[PDB]
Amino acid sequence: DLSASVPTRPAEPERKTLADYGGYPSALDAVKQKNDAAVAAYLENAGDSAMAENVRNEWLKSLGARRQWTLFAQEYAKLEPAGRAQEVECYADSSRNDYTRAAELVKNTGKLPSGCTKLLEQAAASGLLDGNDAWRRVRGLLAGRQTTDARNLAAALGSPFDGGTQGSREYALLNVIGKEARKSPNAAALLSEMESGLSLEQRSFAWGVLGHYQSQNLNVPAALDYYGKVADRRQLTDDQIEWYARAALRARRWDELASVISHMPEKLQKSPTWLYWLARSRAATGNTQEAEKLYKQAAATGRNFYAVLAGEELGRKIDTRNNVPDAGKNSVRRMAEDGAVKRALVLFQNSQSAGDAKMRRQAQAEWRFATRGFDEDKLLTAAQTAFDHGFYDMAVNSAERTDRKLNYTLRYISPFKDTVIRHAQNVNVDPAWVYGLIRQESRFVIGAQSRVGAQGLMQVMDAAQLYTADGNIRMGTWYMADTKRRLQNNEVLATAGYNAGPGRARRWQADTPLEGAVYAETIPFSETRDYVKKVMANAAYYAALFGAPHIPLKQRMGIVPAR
């Protein structure tokens, strides 16, 4: 059952909501201009909104950088803890000389916000960083071309890049681990020579860089050779070790894959991906009981790609029956009366009738803010509220945030159904697949617009039709079908091709057939890799809702042909 409880935060007039949005972009500009007066002014009589919270966060990032600690302390105190930006959090801790966050932040080997980067430097100088993690971050930054951040961190650790000790040596290793040097045919040879004057840690990292590059280029034998020389796998960045795993996966080396996963950070080990592939590994080596236990863990992570695959290895097929009742109409009407939710519905209403894309995005921001910390019943109530106002993406996003209470008709909405079904049938493609793609591409926002310039529901006679929902869907489905036809009629390749181009999709094929999930998990582009898994997962959910003949997701993924 569902609770009818809804929040009752103070509601402002529509005119105030709109008046305050009127000044929102200027407030952000003032932050950028360092006009503290303007900002303070915007905030002093602002609603308790995402608008105020965003301005306050960006302001605090600015204030922290400029070392205006008095004003910082004052405004930081006005933020909701759940609403603080990571970097603002780092600035605040550094101002209190509290380096508690450093133990976890230092495990990140990539670019961090400036406040977070400086917190690690200060912690380093205070002898508060674990030496192993600290130097691993220095290498990661070096290998990721963040040379300045690597410099400063090495300096802060007491061994700068021109000091004759470790720092100078780590810097020196760029002849091997540089972004361009790693691609050299003699990178391996060069490392092999100087290996003698290298620490265990340095050697492991360097071989990881070489194997990572080969692996992400889908040169599997070479990758596994280089990775094979890594003595301490825990020295690897998260991307390096995942690509080690990906190489072992693609080569079907189950014993090595299991071994590699066992050396991952615990948080990586516990992701749906490596829960599943470790279970497959166990299953493939005869350790059934251990496999079954891991499939159970994986299935429990939610509605995602690997959770479904793991469910199928347990004989459990997807079931889209709701395990909760519909939200009651009275609840839904009352949820809309809440001040935070109303402010979101107001900005979203007015962005439609004013055609303001930016106002719509702030309405999304207000929705996230309004529903932050909602229990599952309120989430499900707010999801129907969004749906009723045509705020389709927030309907989906609210509904999918529950863990135990499942409304599949709100998680997998299907507006425009007579239009989508028709266009899909006209070019001979699965409607479930089409809905699956739309849900991922645009979250059913008819006006949706990518940075790359992709347009409409499908993020793609007269050409202008592209911008109407009928024309967009017509073109998207045609291109889905055409791309599929160009890629040996395979739906996994088509999905990758839709996102990255059919040239790339074909380039990622092996010279032997690949299991679909294996092709998908080893896609070199992280955005495309994630896209394919979500689209195909979505599709399996839509097929169930549509009452189509049951097709396991593992079967949907099928076999990707050799090229």
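Each residue number is its position in the shown sequence, starting from 1.
In the deposited entry, the stretch joining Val460 to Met461 is interrupted by 10 or more residues of the deposited sequence lacking coordinates. In this entry, the higher average B-factor at the C-alpha atoms falls on 463-471, of the pair 463-471 and 483-491. The deposited model assigns a higher average Cα B-factor to 314-322 than to the other stretch when 245-253 and 314-322 are compared. Out of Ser450, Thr477, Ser215, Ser271, the entry records its largest CA B-factor for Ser450. Which of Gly436, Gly140, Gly115, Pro185 has the largest Cα B-factor in the deposited entry comes down to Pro185.
Sorting the modelled residues of the chain by their CA temperature factor places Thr237 in the lowest third.
In the PDB entry, a CA B factor belonging to the lowest third of its chain's modelled residues is recorded for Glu515. Remark: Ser351 belongs to the highest third of its chain, ranked by C-alpha B-factor as recorded. When the CA B factors of the chain's modelled residues are split into thirds, the value for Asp48 lands in the highest one. Annotation for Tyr42: C-alpha temperature factor in the highest third relative to the rest of the modelled chain, per the entry.
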